[PDB]
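To be precise, the following lines are start_17.pdb, and they hold PDB, C-alpha atoms and all ligand atoms.
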ATOM      1  CA  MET A   1       5.332  -0.891  23.707  1.00  0.00           C
ATOM      2  CA  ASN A   2       1.640  -1.676  23.933  1.00  0.00           C
ATOM      3  CA  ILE A   3      -1.316  -3.124  21.942  1.00  0.00           C
ATOM      4  CA  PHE A   4      -1.872   0.131  20.079  1.00  0.00           C
ATOM      5  CA  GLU A   5       1.721   0.597  19.079  1.00  0.00           C
ATOM      6  CA  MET A   6       1.889  -3.038  18.222  1.00  0.00           C
ATOM      7  CA  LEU A   7      -1.044  -2.951  15.868  1.00  0.00           C
ATOM      8  CA  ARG A   8       0.013   0.381  14.355  1.00  0.00           C
ATOM      9  CA  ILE A   9       3.221  -1.331  13.323  1.00  0.00           C
ATOM     10  CA  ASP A  10       1.534  -4.324  11.853  1.00  0.00           C
ATOM     11  CA  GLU A  11      -1.353  -2.596  10.059  1.00  0.00           C
ATOM     12  CA  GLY A  12       0.189   0.700   8.924  1.00  0.00           C
ATOM     13  CA  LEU A  13      -1.833   3.845   8.529  1.00  0.00           C
ATOM     14  CA  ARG A  14      -3.496   4.847   5.251  1.00  0.00           C
ATOM     15  CA  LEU A  15      -5.856   7.779   4.851  1.00  0.00           C
ATOM     16  CA  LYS A  16      -7.476   6.719   1.489  1.00  0.00           C
ATOM     17  CA  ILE A  17      -9.431   3.551   0.895  1.00  0.00           C
ATOM     18  CA  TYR A  18      -7.056   0.688   0.007  1.00  0.00           C
ATOM     19  CA  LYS A  19      -7.203  -3.066  -0.420  1.00  0.00           C
ATOM     20  CA  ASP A  20      -5.774  -5.259   2.334  1.00  0.00           C
ATOM     21  CA  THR A  21      -3.671  -8.356   1.971  1.00  0.00           C
ATOM     22  CA  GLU A  22      -6.875 -10.326   1.031  1.00  0.00           C
ATOM     23  CA  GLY A  23      -7.935  -7.737  -1.579  1.00  0.00           C
ATOM     24  CA  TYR A  24     -10.693  -6.289   0.695  1.00  0.00           C
ATOM     25  CA  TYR A  25     -11.498  -2.542   0.985  1.00  0.00           C
ATOM     26  CA  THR A  26      -9.974  -1.024   4.141  1.00  0.00           C
ATOM     27  CA  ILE A  27      -8.973   2.418   5.422  1.00  0.00           C
ATOM     28  CA  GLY A  28      -6.892   3.788   8.384  1.00  0.00           C
ATOM     29  CA  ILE A  29      -5.255   1.389  10.787  1.00  0.00           C
ATOM     30  CA  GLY A  30      -6.506  -1.861   9.325  1.00  0.00           C
ATOM     31  CA  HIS A  31     -10.199  -0.949   9.503  1.00  0.00           C
ATOM     32  CA  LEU A  32     -11.908  -3.361   7.155  1.00  0.00           C
ATOM     33  CA  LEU A  33     -14.768  -1.732   5.414  1.00  0.00           C
ATOM     34  CA  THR A  34     -16.390  -4.560   3.487  1.00  0.00           C
ATOM     35  CA  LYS A  35     -15.691  -7.879   1.870  1.00  0.00           C
ATOM     36  CA  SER A  36     -17.631  -6.741  -1.156  1.00  0.00           C
ATOM     37  CA  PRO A  37     -15.861  -6.064  -4.400  1.00  0.00           C
ATOM     38  CA  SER A  38     -17.721  -2.835  -4.889  1.00  0.00           C
ATOM     39  CA  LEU A  39     -15.839   0.462  -4.319  1.00  0.00           C
ATOM     40  CA  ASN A  40     -19.139   2.175  -3.953  1.00  0.00           C
ATOM     41  CA  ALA A  41     -20.208  -0.175  -1.273  1.00  0.00           C
ATOM     42  CA  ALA A  42     -16.940   0.461   0.560  1.00  0.00           C
ATOM     43  CA  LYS A  43     -17.465   4.213   0.253  1.00  0.00           C
ATOM     44  CA  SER A  44     -20.972   3.833   1.642  1.00  0.00           C
ATOM     45  CA  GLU A  45     -19.728   1.807   4.634  1.00  0.00           C
ATOM     46  CA  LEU A  46     -16.963   4.439   5.160  1.00  0.00           C
ATOM     47  CA  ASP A  47     -19.342   7.347   5.313  1.00  0.00           C
ATOM     48  CA  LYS A  48     -21.592   5.391   7.717  1.00  0.00           C
ATOM     49  CA  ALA A  49     -18.590   4.639  10.036  1.00  0.00           C
ATOM     50  CA  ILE A  50     -17.359   8.290  10.071  1.00  0.00           C
ATOM     51  CA  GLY A  51     -20.624  10.145  10.038  1.00  0.00           C
ATOM     52  CA  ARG A  52     -19.983  12.306   7.043  1.00  0.00           C
ATOM     53  CA  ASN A  53     -19.536  12.371   3.310  1.00  0.00           C
ATOM     54  CA  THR A  54     -15.915  11.410   3.071  1.00  0.00           C
ATOM     55  CA  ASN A  55     -15.470  10.761  -0.545  1.00  0.00           C
ATOM     56  CA  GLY A  56     -13.096   7.799   0.458  1.00  0.00           C
ATOM     57  CA  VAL A  57     -10.631   9.939   2.331  1.00  0.00           C
ATOM     58  CA  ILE A  58     -10.311  10.488   6.140  1.00  0.00           C
ATOM     59  CA  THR A  59      -8.179  12.409   8.495  1.00  0.00           C
ATOM     60  CA  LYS A  60      -5.565  11.091  10.888  1.00  0.00           C
ATOM     61  CA  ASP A  61      -7.814  11.829  13.885  1.00  0.00           C
ATOM     62  CA  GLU A  62     -10.656   9.969  12.219  1.00  0.00           C
ATOM     63  CA  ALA A  63      -8.418   6.910  11.541  1.00  0.00           C
ATOM     64  CA  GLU A  64      -7.305   6.867  15.181  1.00  0.00           C
ATOM     65  CA  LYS A  65     -10.869   7.037  16.369  1.00  0.00           C
ATOM     66  CA  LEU A  66     -11.776   3.996  14.260  1.00  0.00           C
ATOM     67  CA  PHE A  67      -8.680   2.292  15.597  1.00  0.00           C
ATOM     68  CA  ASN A  68      -9.605   2.936  19.203  1.00  0.00           C
ATOM     69  CA  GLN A  69     -13.115   1.514  18.553  1.00  0.00           C
ATOM     70  CA  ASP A  70     -11.628  -1.522  16.845  1.00  0.00           C
ATOM     71  CA  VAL A  71      -9.200  -2.345  19.565  1.00  0.00           C
ATOM     72  CA  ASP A  72     -11.921  -1.953  22.102  1.00  0.00           C
ATOM     73  CA  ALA A  73     -14.219  -4.158  20.105  1.00  0.00           C
ATOM     74  CA  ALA A  74     -11.544  -6.831  19.835  1.00  0.00           C
ATOM     75  CA  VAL A  75     -11.111  -7.043  23.672  1.00  0.00           C
ATOM     76  CA  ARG A  76     -14.799  -7.208  24.288  1.00  0.00           C
ATOM     77  CA  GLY A  77     -15.007  -9.883  21.629  1.00  0.00           C
ATOM     78  CA  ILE A  78     -12.503 -11.954  23.474  1.00  0.00           C
ATOM     79  CA  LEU A  79     -14.130 -11.398  26.783  1.00  0.00           C
ATOM     80  CA  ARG A  80     -17.448 -12.356  25.421  1.00  0.00           C
ATOM     81  CA  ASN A  81     -16.141 -15.580  23.800  1.00  0.00           C
ATOM     82  CA  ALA A  82     -16.324 -18.760  25.786  1.00  0.00           C
ATOM     83  CA  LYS A  83     -13.317 -20.241  24.078  1.00  0.00           C
ATOM     84  CA  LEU A  84     -11.206 -17.184  24.254  1.00  0.00           C
ATOM     85  CA  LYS A  85     -11.816 -15.621  27.553  1.00  0.00           C
ATOM     86  CA  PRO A  86     -10.244 -18.383  29.625  1.00  0.00           C
ATOM     87  CA  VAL A  87      -7.142 -18.223  27.627  1.00  0.00           C
ATOM     88  CA  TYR A  88      -6.904 -14.603  27.692  1.00  0.00           C
ATOM     89  CA  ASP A  89      -7.440 -14.506  31.429  1.00  0.00           C
ATOM     90  CA  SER A  90      -4.651 -17.061  31.999  1.00  0.00           C
ATOM     91  CA  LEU A  91      -2.003 -15.071  30.106  1.00  0.00           C
ATOM     92  CA  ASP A  92       0.416 -12.307  31.140  1.00  0.00           C
ATOM     93  CA  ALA A  93      -0.013  -8.808  29.734  1.00  0.00           C
ATOM     94  CA  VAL A  94       2.366  -9.103  26.794  1.00  0.00           C
ATOM     95  CA  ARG A  95       0.859 -12.346  25.553  1.00  0.00           C
ATOM     96  CA  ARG A  96      -2.632 -10.937  25.962  1.00  0.00           C
ATOM     97  CA  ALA A  97      -1.629  -8.244  23.397  1.00  0.00           C
ATOM     98  CA  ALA A  98      -0.606 -10.910  20.987  1.00  0.00           C
ATOM     99  CA  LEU A  99      -3.976 -12.618  21.320  1.00  0.00           C
ATOM    100  CA  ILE A 100      -5.713  -9.292  20.741  1.00  0.00           C
ATOM    101  CA  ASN A 101      -3.552  -8.802  17.609  1.00  0.00           C
ATOM    102  CA  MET A 102      -4.771 -12.071  16.160  1.00  0.00           C
ATOM    103  CA  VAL A 103      -8.502 -11.330  16.848  1.00  0.00           C
ATOM    104  CA  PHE A 104      -8.152  -7.799  15.323  1.00  0.00           C
ATOM    105  CA  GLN A 105      -6.715  -9.362  12.152  1.00  0.00           C
ATOM    106  CA  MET A 106      -8.847 -12.498  11.820  1.00  0.00           C
ATOM    107  CA  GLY A 107     -11.882 -12.074  14.002  1.00  0.00           C
ATOM    108  CA  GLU A 108     -12.969 -13.843  17.133  1.00  0.00           C
ATOM    109  CA  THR A 109     -14.418 -16.600  15.165  1.00  0.00           C
ATOM    110  CA  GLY A 110     -11.299 -17.410  13.199  1.00  0.00           C
ATOM    111  CA  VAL A 111      -9.108 -17.301  16.291  1.00  0.00           C
ATOM    112  CA  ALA A 112     -11.525 -19.359  18.410  1.00  0.00           C
ATOM    113  CA  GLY A 113     -10.938 -22.099  15.840  1.00  0.00           C
ATOM    114  CA  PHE A 114      -7.215 -22.469  16.793  1.00  0.00           C
ATOM    115  CA  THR A 115      -8.244 -24.970  19.417  1.00  0.00           C
ATOM    116  CA  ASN A 116      -5.041 -26.898  19.811  1.00  0.00           C
ATOM    117  CA  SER A 117      -2.938 -23.707  19.947  1.00  0.00           C
ATOM    118  CA  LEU A 118      -5.326 -22.160  22.476  1.00  0.00           C
ATOM    119  CA  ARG A 119      -4.995 -25.158  24.750  1.00  0.00           C
ATOM    120  CA  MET A 120      -1.185 -25.061  24.535  1.00  0.00           C
ATOM    121  CA  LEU A 121      -1.102 -21.329  25.360  1.00  0.00           C
ATOM    122  CA  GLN A 122      -3.415 -21.995  28.281  1.00  0.00           C
ATOM    123  CA  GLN A 123      -1.031 -24.715  29.471  1.00  0.00           C
ATOM    124  CA  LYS A 124       2.007 -22.369  29.066  1.00  0.00           C
ATOM    125  CA  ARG A 125       3.690 -24.757  26.537  1.00  0.00           C
ATOM    126  CA  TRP A 126       5.167 -21.796  24.612  1.00  0.00           C
ATOM    127  CA  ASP A 127       7.400 -23.500  22.129  1.00  0.00           C
ATOM    128  CA  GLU A 128       4.765 -26.046  21.338  1.00  0.00           C
ATOM    129  CA  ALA A 129       2.102 -23.472  20.728  1.00  0.00           C
ATOM    130  CA  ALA A 130       4.472 -21.582  18.563  1.00  0.00           C
ATOM    131  CA  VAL A 131       5.052 -24.614  16.263  1.00  0.00           C
ATOM    132  CA  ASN A 132       1.285 -25.414  16.109  1.00  0.00           C
ATOM    133  CA  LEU A 133       0.485 -21.741  15.446  1.00  0.00           C
ATOM    134  CA  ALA A 134       2.737 -21.788  12.328  1.00  0.00           C
ATOM    135  CA  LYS A 135       0.723 -24.651  10.758  1.00  0.00           C
ATOM    136  CA  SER A 136      -1.931 -22.376   9.450  1.00  0.00           C
ATOM    137  CA  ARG A 137      -3.031 -20.526   6.471  1.00  0.00           C
ATOM    138  CA  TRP A 138      -2.537 -17.289   8.507  1.00  0.00           C
ATOM    139  CA  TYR A 139       1.194 -18.017   8.812  1.00  0.00           C
ATOM    140  CA  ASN A 140       1.515 -19.030   5.185  1.00  0.00           C
ATOM    141  CA  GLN A 141      -0.275 -15.973   3.903  1.00  0.00           C
ATOM    142  CA  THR A 142       1.268 -13.305   6.224  1.00  0.00           C
ATOM    143  CA  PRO A 143       4.410 -14.904   7.468  1.00  0.00           C
ATOM    144  CA  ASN A 144       6.348 -11.834   8.675  1.00  0.00           C
ATOM    145  CA  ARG A 145       3.528 -10.521  10.810  1.00  0.00           C
ATOM    146  CA  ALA A 146       2.559 -14.038  11.980  1.00  0.00           C
ATOM    147  CA  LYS A 147       6.206 -14.419  12.921  1.00  0.00           C
ATOM    148  CA  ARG A 148       6.192 -11.370  15.043  1.00  0.00           C
ATOM    149  CA  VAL A 149       3.033 -12.398  16.919  1.00  0.00           C
ATOM    150  CA  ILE A 150       4.190 -15.954  17.360  1.00  0.00           C
ATOM    151  CA  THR A 151       7.543 -14.745  18.824  1.00  0.00           C
ATOM    152  CA  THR A 152       5.506 -12.660  21.171  1.00  0.00           C
ATOM    153  CA  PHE A 153       3.544 -15.696  22.477  1.00  0.00           C
ATOM    154  CA  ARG A 154       6.774 -17.702  22.651  1.00  0.00           C
ATOM    155  CA  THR A 155       8.853 -15.212  24.626  1.00  0.00           C
ATOM    156  CA  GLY A 156       6.451 -13.045  26.388  1.00  0.00           C
ATOM    157  CA  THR A 157       8.645  -9.970  25.451  1.00  0.00           C
ATOM    158  CA  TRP A 158       8.293  -7.278  22.778  1.00  0.00           C
ATOM    159  CA  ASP A 159      11.546  -8.350  21.166  1.00  0.00           C
ATOM    160  CA  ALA A 160       9.944  -8.901  17.751  1.00  0.00           C
ATOM    161  CA  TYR A 161       8.741  -5.344  17.717  1.00  0.00           C
ATOM    162  CA  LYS A 162      11.882  -3.680  18.901  1.00  0.00           C
TER     163      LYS A 162
HETATM  164 CL    CL B   1     -17.665   1.378  12.598  1.00  0.00          CL
HETATM  165 CL    CL B   2       3.105 -10.414   6.899  1.00  0.00          CL
END
Could you quickly redo this structure as C-alpha cells?
Ligand SMILES: [Cl-]
Ligand SMILES: [Cl-]
Amino acid sequence: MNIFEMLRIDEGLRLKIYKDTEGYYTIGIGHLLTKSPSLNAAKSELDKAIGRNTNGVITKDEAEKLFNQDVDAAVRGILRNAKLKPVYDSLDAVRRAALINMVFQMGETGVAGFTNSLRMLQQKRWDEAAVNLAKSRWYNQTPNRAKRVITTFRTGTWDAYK
C-alpha cells in the first residue's frame, strides 16, 4: 500500500463530472472542480485543467494525471505550512500518508486548524489523537473514511485498508 492506492480507495474514480459528498462538482480521483453551483462553471474549470474541450468527460489517463498533480500539491502544501510541516516531519511513513489524505480531502487550511490533534500526533500520543480527531465535523460527515484514516494514525499500519 501507498498514498496513491490509499486515496484511490477513498475517493473512487469517476470519468464524468459528479457531485462529491458536499454536493460540489468533481471529476476523476476526487479532483474538486469548483464550489459553484453552476454546471457550466464546472465544465469551464474542467476544460481549463485538462487543456481541451472535454464536454464534462475525461479519460482514465487524464484522471490519473490530475491525481498525480493533486497528490503532489498536497505534499507541497504541507511542506509549505508552518503548522503542518513539523508534524509531518516527526511522523513515520505510514502516518505521513494519513496526514496527506486529510489535506487532500479538506485542504491545508482545514487540517492546520486541528491544533490539538496535531500536537498529540507530534507527541506520539496515538490513542489520544485518535479520540480528539473523532470530535469533528469531518468524522461526523464522513465517518467510514475518517475511521480508516484515524486507525491509520493510531496504529501506524495499513490495516484499515487491507
Ligand atoms: Cl488543475
Ligand atoms: Cl465516509
- Message: Between CA of residue 66 (chain A) and CA of residue 156 (chain A), what is the distance in Å, rounded to a tenth?
- Response: 27.7 Å
- Enumerate residues in contact with ligand CL 2 (chain B): an atom-to-atom distance of at most 6 Å, counting only C-alpha atoms and all ligand atoms. Format the result as an NGL selection string. :A and (142-145)
- Query: Any idea what the distance is between CA of residue 80 (chain A) and CA of residue 146 (chain A)?
  - Reply: 24.2 Å
Within 10 Å of ligand CL 1 (chain B), counting all atoms listed in the file, residues as a JSON list (two decimals) with C-alpha atoms, in the coordinates of the input:
[["chain", "number", "residue", "atom", "x", "y", "z"],
["A", 31, "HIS", "CA", -10.20, -0.95, 9.50],
["A", 32, "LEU", "CA", -11.91, -3.36, 7.16],
["A", 33, "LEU", "CA", -14.77, -1.73, 5.41],
["A", 45, "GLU", "CA", -19.73, 1.81, 4.63],
["A", 46, "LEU", "CA", -16.96, 4.44, 5.16],
["A", 47, "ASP", "CA", -19.34, 7.35, 5.31],
["A", 48, "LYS", "CA", -21.59, 5.39, 7.72],
["A", 49, "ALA", "CA", -18.59, 4.64, 10.04],
["A", 50, "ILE", "CA", -17.36, 8.29, 10.07],
["A", 51, "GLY", "CA", -20.62, 10.14, 10.04],
["A", 65, "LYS", "CA", -10.87, 7.04, 16.37],
["A", 66, "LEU", "CA", -11.78, 4.00, 14.26],
["A", 67, "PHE", "CA", -8.68, 2.29, 15.60],
["A", 69, "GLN", "CA", -13.12, 1.51, 18.55],
["A", 70, "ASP", "CA", -11.63, -1.52, 16.84],
["A", 73, "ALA", "CA", -14.22, -4.16, 20.10]]
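For the file at hand, the PyMOL selection byres (((chain A and resi 79) around 12) and not hetatm) resolves to residues 72, 73, 74, 75, 76, 77, 78, 80, 81, 82, 83, 84, 85, 86, 87, 88, 89, 96, 99, 100, 103, 108 and 112 of chain A.
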- Near region 12-27 of chain A, counting all atoms listed in the file, which residues have an atom at most 7 Å away, once you skip same-chain residues fewer than 3 positions from it, shown as a list in words?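 Near region 12-27 of chain A, the qualifying residues are residues 8, 9, 30, 31, 32, 33, 34, 35, 42, 56, 57, 58, 59 and 60 of chain A.
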- One decimal place gives the CA of residue 137 (chain A)-CA of residue 110 (chain A) separation as 11.1 Å
- Smallest atom-to-atom distance to residue 61 (chain A): which of A:28, A:36, A:3, A:129, using only C-alpha atoms?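 The answer is A:28, which sits nearest to residue 61 (chain A).
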